[PDB]
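Asker: Below you'll find the structure I mean.
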Ligand SMILES: [Cu+]
Ligand SMILES: [Cu+]
Ligand SMILES: [Cu+]
């Protein structure tokens, strides 16, 4: 169970950020996630054996935002 | 039939504000509502016998914004 | 096949702009469109015989943004 601060560009709407939190949440592995709209940050916590950042990032880019690598 | 200027924080998108206007609109009581994205204001008008601010606020917070009390 | 820079006000969310690109895209005539969120611009390219700016604008205003005439 790790905790990471993904750097995210492009998030600007409090309503739409709700969907970020929701899709990264529906990922097995994901024990929690909280989107910090103003820091462009998606601090996440999870089971590193059950999901990867790659998916998580992938689930973040499918909303259309940019995950810094 | 009253007219109130709800103070709202978090609204930033012209497209998403459309949904605010729409859900507070579908509330029985609600004779009209207009969202002022730049003043963070949801001036509403309604039948005070047929719906409360509480719901209205509630319908605004379900979009994810913050109704000042 | 023309290429136009529609001036657009109101676009602010990278996620929601995705829907702009998508609906103007589903228009017969439309060979491409790219939304420039920061310039408030919707540079489009199309077959002038198969769709008009009017629709395109119309498809942009249905998202709730303002097409400068
Ligand atoms: Cu939004
Ligand atoms: Cu939006
Ligand atoms: Cu959005």
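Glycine gets a Cβ as well: all are built from the backbone with ideal geometry, and neighbour counts include every protein chain shown. Every number in this text was worked out from the coordinates using simple rules, so none of it is lab data.
Asker: Taking the stated definitions as given, is residue A:45 surrounded by fewer than 15 Cβ atoms within 10 Å (Cβ to Cβ), under 11 Å from the mean Cα position of the chain (by Cα) and either away from ligand 3 (no atom under 15 Å from the Cβ) or more than 11 Å from chain C (Cβ to nearest Cβ) (or both)?
Answerer: Spelling it out, residue A:45 is indeed surrounded by fewer than 15 Cβ atoms within 10 Å (Cβ to Cβ), under 11 Å from the mean Cα position of the chain (by Cα) and either away from ligand 3 (no atom under 15 Å from the Cβ) or more than 11 Å from chain C (Cβ to nearest Cβ) (or both).
Asker: Further question: Pick out the one residue from B:2, B:9 that is surrounded by fewer than 18 Cβ atoms within 10 Å (Cβ to Cβ) and either within 14 Å of another protein chain (Cβ to nearest Cβ) or within 16 Å of ligand 2 (Cβ to nearest atom) (or both).
Answerer: The match here is B:9.
Asker: Of all residues in segment A:7-28, which are more than 11 Å from residue A:59 (Cβ to Cβ) and either assigned to a helix (DSSP H, G or I) or away from ligand 3 (no atom under 13 Å from the Cβ) (or both)?
Answerer: The answer is A:7, A:8, A:9, A:14, A:15, A:16, A:17, A:18, A:28.
Asker: Additional query: How about segment A:38-61: which of its residues are within 10 Å of residue A:27 (Cβ to Cβ) and part of a strand (DSSP E or B)?
Answerer: A:44, A:46
Asker: Taking segment A:16-58 on its own, how many of its residues are in contact (Cβ under 8 Å) with a residue 40 or more places away in the chain and in contact with a helix residue (DSSP H, G or I) (Cβ under 7 Å, 6 or more places away or on another chain)?
Answerer: The total comes to 5.
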